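Structure file input12.pdb (PDB, C-alpha atoms) follows.
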```pdb
ATOM      1  CA  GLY A 103      66.227  84.310 196.447  1.00  0.00           C
ATOM      2  CA  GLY A 104      69.953  84.722 196.732  1.00  0.00           C
ATOM      3  CA  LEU A 105      72.356  84.460 199.706  1.00  0.00           C
ATOM      4  CA  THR A 106      72.806  87.606 201.850  1.00  0.00           C
ATOM      5  CA  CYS A 107      75.248  88.459 204.688  1.00  0.00           C
ATOM      6  CA  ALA A 108      73.602  87.659 208.075  1.00  0.00           C
ATOM      7  CA  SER A 109      74.340  88.940 211.568  1.00  0.00           C
ATOM      8  CA  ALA A 110      77.900  88.857 212.757  1.00  0.00           C
ATOM      9  CA  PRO A 111      78.706  85.992 215.033  1.00  0.00           C
ATOM     10  CA  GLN A 112      78.608  86.885 218.751  1.00  0.00           C
ATOM     11  CA  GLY A 113      81.303  84.389 219.724  1.00  0.00           C
ATOM     12  CA  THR A 114      83.833  81.813 218.611  1.00  0.00           C
ATOM     13  CA  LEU A 115      84.495  78.316 219.923  1.00  0.00           C
ATOM     14  CA  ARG A 116      87.844  76.594 219.192  1.00  0.00           C
ATOM     15  CA  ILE A 117      87.955  72.865 220.042  1.00  0.00           C
ATOM     16  CA  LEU A 118      91.141  70.836 220.529  1.00  0.00           C
ATOM     17  CA  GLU A 119      91.580  67.344 222.172  1.00  0.00           C
ATOM     18  CA  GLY A 120      93.951  67.269 225.192  1.00  0.00           C
ATOM     19  CA  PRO A 121      95.036  64.607 227.778  1.00  0.00           C
ATOM     20  CA  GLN A 122      96.315  65.424 231.372  1.00  0.00           C
ATOM     21  CA  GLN A 123      99.531  65.278 233.532  1.00  0.00           C
ATOM     22  CA  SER A 124     100.290  62.404 235.959  1.00  0.00           C
ATOM     23  CA  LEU A 125     101.954  62.578 239.389  1.00  0.00           C
ATOM     24  CA  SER A 126     105.666  63.537 239.536  1.00  0.00           C
ATOM     25  CA  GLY A 127     107.597  60.392 240.498  1.00  0.00           C
ATOM     26  CA  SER A 128     110.900  61.126 238.716  1.00  0.00           C
ATOM     27  CA  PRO A 129     112.242  57.499 238.603  1.00  0.00           C
ATOM     28  CA  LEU A 130     115.735  58.423 237.355  1.00  0.00           C
ATOM     29  CA  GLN A 131     117.524  55.059 236.824  1.00  0.00           C
ATOM     30  CA  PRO A 132     116.998  51.192 236.936  1.00  0.00           C
ATOM     31  CA  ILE A 133     120.195  50.599 238.978  1.00  0.00           C
ATOM     32  CA  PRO A 134     120.828  54.301 239.914  1.00  0.00           C
ATOM     33  CA  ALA A 135     123.861  56.561 240.676  1.00  0.00           C
ATOM     34  CA  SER A 136     127.492  55.624 239.864  1.00  0.00           C
ATOM     35  CA  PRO A 137     127.923  52.489 242.080  1.00  0.00           C
ATOM     36  CA  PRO A 138     131.417  52.580 243.678  1.00  0.00           C
ATOM     37  CA  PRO A 139     134.348  50.213 242.856  1.00  0.00           C
ATOM     38  CA  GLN A 140     135.180  48.184 246.002  1.00  0.00           C
ATOM     39  CA  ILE A 141     137.300  45.637 247.989  1.00  0.00           C
ATOM     40  CA  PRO A 142     137.059  41.834 247.222  1.00  0.00           C
ATOM     41  CA  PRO A 143     136.419  40.214 250.670  1.00  0.00           C
ATOM     42  CA  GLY A 144     139.478  38.810 252.554  1.00  0.00           C
ATOM     43  CA  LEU A 145     141.781  38.919 249.436  1.00  0.00           C
ATOM     44  CA  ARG A 146     144.916  37.684 251.374  1.00  0.00           C
ATOM     45  CA  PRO A 147     148.560  38.515 250.441  1.00  0.00           C
ATOM     46  CA  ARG A 148     149.588  36.801 247.139  1.00  0.00           C
ATOM     47  CA  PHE A 149     153.360  37.297 247.755  1.00  0.00           C
ATOM     48  CA  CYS A 150     155.977  36.567 250.463  1.00  0.00           C
ATOM     49  CA  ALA A 151     159.599  37.591 251.184  1.00  0.00           C
ATOM     50  CA  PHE A 152     162.540  35.199 250.759  1.00  0.00           C
ATOM     51  CA  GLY A 153     163.988  33.618 253.948  1.00  0.00           C
TER
ATOM     52  CA  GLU B 506     146.415  72.812 212.419  1.00  0.00           C
ATOM     53  CA  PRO B 507     143.083  70.831 212.479  1.00  0.00           C
ATOM     54  CA  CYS B 508     142.228  71.740 216.134  1.00  0.00           C
ATOM     55  CA  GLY B 509     138.592  72.681 216.801  1.00  0.00           C
ATOM     56  CA  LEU B 510     137.781  71.926 213.154  1.00  0.00           C
ATOM     57  CA  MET B 511     137.859  68.102 213.202  1.00  0.00           C
ATOM     58  CA  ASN B 512     135.602  66.920 216.032  1.00  0.00           C
ATOM     59  CA  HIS B 513     134.246  63.516 216.992  1.00  0.00           C
ATOM     60  CA  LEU B 514     130.852  62.335 218.174  1.00  0.00           C
ATOM     61  CA  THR B 515     130.326  61.172 221.721  1.00  0.00           C
ATOM     62  CA  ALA B 516     129.621  57.486 222.247  1.00  0.00           C
ATOM     63  CA  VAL B 517     125.877  57.949 222.785  1.00  0.00           C
ATOM     64  CA  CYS B 518     125.354  60.491 220.002  1.00  0.00           C
ATOM     65  CA  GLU B 519     123.951  59.326 216.680  1.00  0.00           C
ATOM     66  CA  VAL B 520     122.868  60.635 213.294  1.00  0.00           C
ATOM     67  CA  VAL B 521     119.251  60.315 212.213  1.00  0.00           C
ATOM     68  CA  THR B 522     118.854  58.384 208.968  1.00  0.00           C
ATOM     69  CA  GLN B 523     115.288  57.031 208.809  1.00  0.00           C
ATOM     70  CA  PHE B 524     112.645  58.569 206.558  1.00  0.00           C
ATOM     71  CA  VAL B 525     108.997  58.581 207.619  1.00  0.00           C
ATOM     72  CA  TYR B 526     105.598  59.630 206.300  1.00  0.00           C
ATOM     73  CA  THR B 527     105.059  62.862 208.284  1.00  0.00           C
ATOM     74  CA  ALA B 528     101.659  63.422 206.692  1.00  0.00           C
ATOM     75  CA  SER B 529      99.347  62.771 209.641  1.00  0.00           C
ATOM     76  CA  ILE B 530     101.362  65.255 211.737  1.00  0.00           C
ATOM     77  CA  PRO B 531      99.837  68.462 210.306  1.00  0.00           C
ATOM     78  CA  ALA B 532      96.368  67.029 210.962  1.00  0.00           C
ATOM     79  CA  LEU B 533      97.305  66.047 214.525  1.00  0.00           C
ATOM     80  CA  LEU B 534      98.859  69.419 215.376  1.00  0.00           C
ATOM     81  CA  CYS B 535      95.425  70.967 214.631  1.00  0.00           C
ATOM     82  CA  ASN B 536      93.669  68.542 217.061  1.00  0.00           C
ATOM     83  CA  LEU B 537      96.234  69.559 219.677  1.00  0.00           C
ATOM     84  CA  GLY B 538      95.363  73.278 219.432  1.00  0.00           C
ATOM     85  CA  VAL B 539      97.217  74.774 216.400  1.00  0.00           C
ATOM     86  CA  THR B 540      95.056  76.945 213.996  1.00  0.00           C
ATOM     87  CA  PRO B 541      95.919  76.481 210.270  1.00  0.00           C
ATOM     88  CA  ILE B 542      97.863  79.234 208.376  1.00  0.00           C
ATOM     89  CA  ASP B 543      94.502  80.128 206.725  1.00  0.00           C
ATOM     90  CA  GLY B 544      93.001  82.033 209.672  1.00  0.00           C
ATOM     91  CA  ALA B 545      91.054  82.774 212.889  1.00  0.00           C
ATOM     92  CA  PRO B 546      94.142  82.621 215.164  1.00  0.00           C
ATOM     93  CA  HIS B 547      91.830  83.484 218.171  1.00  0.00           C
ATOM     94  CA  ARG B 548      94.403  86.047 219.454  1.00  0.00           C
ATOM     95  CA  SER B 549      96.538  88.905 218.025  1.00  0.00           C
ATOM     96  CA  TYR B 550      99.296  87.267 215.935  1.00  0.00           C
ATOM     97  CA  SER B 551     101.684  88.667 218.547  1.00  0.00           C
ATOM     98  CA  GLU B 552     100.518  86.461 221.435  1.00  0.00           C
ATOM     99  CA  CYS B 553     100.835  83.434 219.141  1.00  0.00           C
ATOM    100  CA  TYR B 554     103.721  81.142 218.212  1.00  0.00           C
ATOM    101  CA  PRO B 555     104.487  80.462 214.535  1.00  0.00           C
ATOM    102  CA  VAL B 556     104.493  76.556 214.246  1.00  0.00           C
ATOM    103  CA  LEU B 557     106.824  75.128 211.554  1.00  0.00           C
ATOM    104  CA  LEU B 558     107.183  71.443 210.580  1.00  0.00           C
ATOM    105  CA  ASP B 559     110.118  70.709 208.218  1.00  0.00           C
ATOM    106  CA  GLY B 560     109.960  74.030 206.255  1.00  0.00           C
ATOM    107  CA  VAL B 561     106.178  74.022 206.057  1.00  0.00           C
ATOM    108  CA  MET B 562     104.493  76.504 208.390  1.00  0.00           C
ATOM    109  CA  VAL B 563     101.460  74.854 209.932  1.00  0.00           C
ATOM    110  CA  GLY B 564     100.868  78.104 211.774  1.00  0.00           C
ATOM    111  CA  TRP B 565     100.181  79.954 214.989  1.00  0.00           C
ATOM    112  CA  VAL B 566      99.620  77.800 218.000  1.00  0.00           C
ATOM    113  CA  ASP B 567      98.225  80.090 220.678  1.00  0.00           C
ATOM    114  CA  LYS B 568     100.647  81.335 223.321  1.00  0.00           C
TER
END
```

Can you dump the structure from the file as structure tokens?
Amino acid sequence: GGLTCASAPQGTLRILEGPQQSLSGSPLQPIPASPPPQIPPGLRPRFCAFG
Amino acid sequence: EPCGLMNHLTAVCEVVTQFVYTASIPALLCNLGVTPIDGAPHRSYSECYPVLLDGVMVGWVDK
């Protein structure tokens, strides 16, 4: 009436919960790159010679 | 005399200072695929990675 060893298991199942990968879009930056410093339009000379 | 010994952090670098629970992490790592230090790694202990979490070895995520 006691507990005895039974037949060895024939296989093992290991369960884990996993989600999946999306598409590669690689959206690097809101406003991207190093935007260049640049000329103010027209500007004009702010200096003249004497005479 | 202090060269190379007294450094300074970059502008974006920062020190971590918050303290969190980190108690539901060992139970999540097992859902993800880790097998507890207790047993049944499912491979050979050589094709398995020893998982550690803050000094405490959760144990042997498969390779």

Using the chain letters and numbers from the file, give me the residues hit by the ChimeraX specification (/B :<7) & /A, as an mmCIF file with C-alpha atoms, in the frame of the given file.
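Printed below is result-v5.cif as written:
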```
data_model
loop_
_atom_site.group_PDB
_atom_site.id
_atom_site.type_symbol
_atom_site.label_atom_id
_atom_site.label_comp_id
_atom_site.auth_asym_id
_atom_site.auth_seq_id
_atom_site.Cartn_x
_atom_site.Cartn_y
_atom_site.Cartn_z
ATOM 1 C CA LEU A 118 91.141 70.836 220.529
ATOM 2 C CA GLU A 119 91.580 67.344 222.172
ATOM 3 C CA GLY A 120 93.951 67.269 225.192
#
```

**Prompt:** Can you list, as a PyMOL selection string, every protein, DNA or RNA residue that comes within 6 Å of residue 541 of chain B when you count only C-alpha atoms, leaving out same-chain residues fewer than 2 positions away?
**Reply:** chain B and resi 543+563-564

**Asked** For the atom pair atom CA of residue 514 of chain B and atom CA of residue 559 of chain B, what is the interatomic distance in Å to one decimal place?
**Response** 24.5 Å

If the box runs along x, y and z of the file and leaves 6 Å on each side of segment 521-536 of chain B, what are its centre and edge lengths in Å, one decimal, as lines of an AutoDock Vina configuration file?
```
center_x = 106.5
center_y = 64.0
center_z = 211.7
size_x = 37.6
size_y = 25.9
size_z = 22.8
```

**Request:** Rounded to one decimal place, report the atom CA of residue 566 of chain B-atom CA of residue 124 of chain A distance in Å.
**Result:**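 If I compute the distance from atom CA of residue 566 of chain B to atom CA of residue 124 of chain A, I get 23.7 Å.
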
**Distance in Å - atom CA of residue 555 of chain B versus atom CA of residue 542 of chain B** =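 Separation of atom CA of residue 555 of chain B and atom CA of residue 542 of chain B: 9.1 Å.
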